[PDB]
């Protein structure tokens, strides 16, 4: 596994129950593939067996995820306690905070740069599909920003209090990000690659809004659940996210295709990348 002796503390990026996150420095990297900045999630020596089990299930998943636009697992420290996972560290935080702090061309962001960010997301989602892996929680909050506008798709679960509003419970049953979920996810619980395309659609709406508003921000969580019912009903009472001001009708009709009632009609990520890379 990874030598703990090679991890040099810099900052405590945060804490929670059963663990805490650290930013560390690694000299002369001859373990991975001038010191390298790494992100370390460490399990508390007080953590429950349920907490230990969840950590090793998460390590198992991440170990297969190897793509330039997906968060890499550099290593683990599982042989002894406390258990830890080492990922790449993305200096500019998540895409939501990154976009929220910028204005369109407080630094600026250009329309081609917005599309370039949305292109990395599609190319990344394309990879997970080739592995037949459903993300289940794609949104800007779950996208990390690095040097030279690089985007790497991550998943924080429901660990950050900042995004508590993006999740609807449903107890007790299942805490869900309904505002990003397709109609079939809400009514049936049928998560697929085709429903990830719907989430991608909503994510591209977020990017073109520059993370300024929450999807269906004027409607209640119950009203959004009601709206999934109208897509199944197909009588013309179904509603959609409005066109962002800085969005041409062209790119808007793309978002609309991610919102086709039939999952077969929704375009795949290979097609979504190619359009975001060619048409502007």
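Numbering follows the first chain given and starts at 1. Throughout, rigid core stands for the largest set of C-alpha atoms superposing within 1.5 Å between the two forms.
Farther from the shown form on average, by C-alpha root mean square after a core fit in 9 other deposited structures of this protein, is 40-48, of the stretches 65-73 and 40-48. Put simply, when the other structures in 9 other deposited structures of this protein are lined up on the rigid core, the C-alpha atoms of 13-21 lie farther off than those of the other stretch, from 266-274 and 13-21.
Missing-residue comparison: residue 33 falls in the unmodelled set for a third or more of the other PDB entries checked. The segment from residue 33 to residue 34 is interrupted, since 10 or more residues of the deposited sequence in that interval carry no coordinates.
The stretch of deposited sequence separating residue 105 from residue 106 contains 10 or more residues lacking coordinates in this entry. In this entry, 43-51 has the higher mean Cα B-factor, the comparison being between 43-51 and 239-247.
According to the PDB record, 107-115 carries the higher mean C-alpha B-factor of the two stretches 107-115 and 180-188. The PDB entry gives the largest Cα B-factor of the residues 99, 170, 197, 73 to 170.
Of the residues listed, 220, 227, 214, 28, the entry assigns the biggest Cα temperature factor to 28.
Per the deposited record, the Cα B-factor of residue 255 falls in the lowest third when ranked against the other modelled residues of its chain. Per the PDB record, residue ranking by Cα B-factor puts residue 261 in the lowest third of the chain. Residue 140: CA B factor lies in the lowest third for its chain, per the PDB record.
Per the PDB record, residue ranking by Cα B-factor puts residue 94 in the middle third of the chain. Residue 154 sits in the lowest third of its chain by CA B factor, as recorded in the PDB entry.
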